[PDB]
Amino acid sequence: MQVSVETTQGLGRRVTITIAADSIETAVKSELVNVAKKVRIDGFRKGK
RNA sequence: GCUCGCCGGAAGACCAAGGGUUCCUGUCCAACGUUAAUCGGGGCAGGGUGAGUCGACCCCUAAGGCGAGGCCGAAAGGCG
């Protein structure tokens, strides 16, 4: 899951979780096809 | 979906006339439907009509209308 820890200043602590494209490009492709089968653009049928 | 029953020179398919979105899809049931309606030709929102060769347009005229001038009529106008 690519866990990484660091320290910024004072008492804080940052983490920089840099996941790969397979959990990023799919994250775009999971959020596209759940819209077109549900939403109705004004020019078309409901779900085509 | 399965049996049942009727029309079958029509209660079947088409075109002109006429109407004017009534056709398709989603959604809604208050009103309209001679009853209840999830359904509709009802309410709302979105789509749908592609032509050198089919029709209109155009070329040509019939009945008949209009009629430059012209004839005739108090005026309007009547014929050609």
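When the letters of the first sequence are read in order and numbered with this note's numbering, they come out as residues 55 to 102.
Every residue gets a Cβ at the ideal spot worked out from N, C-alpha and C, and that includes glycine.
Its chain contains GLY101 as the residues whose beta carbon lies nearer than 7 Å to that of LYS91, once the 5 sequence neighbours on both sides are disregarded; these appear in chain order. Residue pairing for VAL69: DSSP places it in a beta bridge opposite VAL59. Ranked by how close their Cα comes to the Cα of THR72, the residues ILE95, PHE98, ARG94 and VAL59 have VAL59 in first place.
Where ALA81 is concerned, the enclosing alpha helix (DSSP H) starts and stops at 79-90. Shown here, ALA74 sits in coil according to DSSP, grouped into three states, outside any helix or strand.
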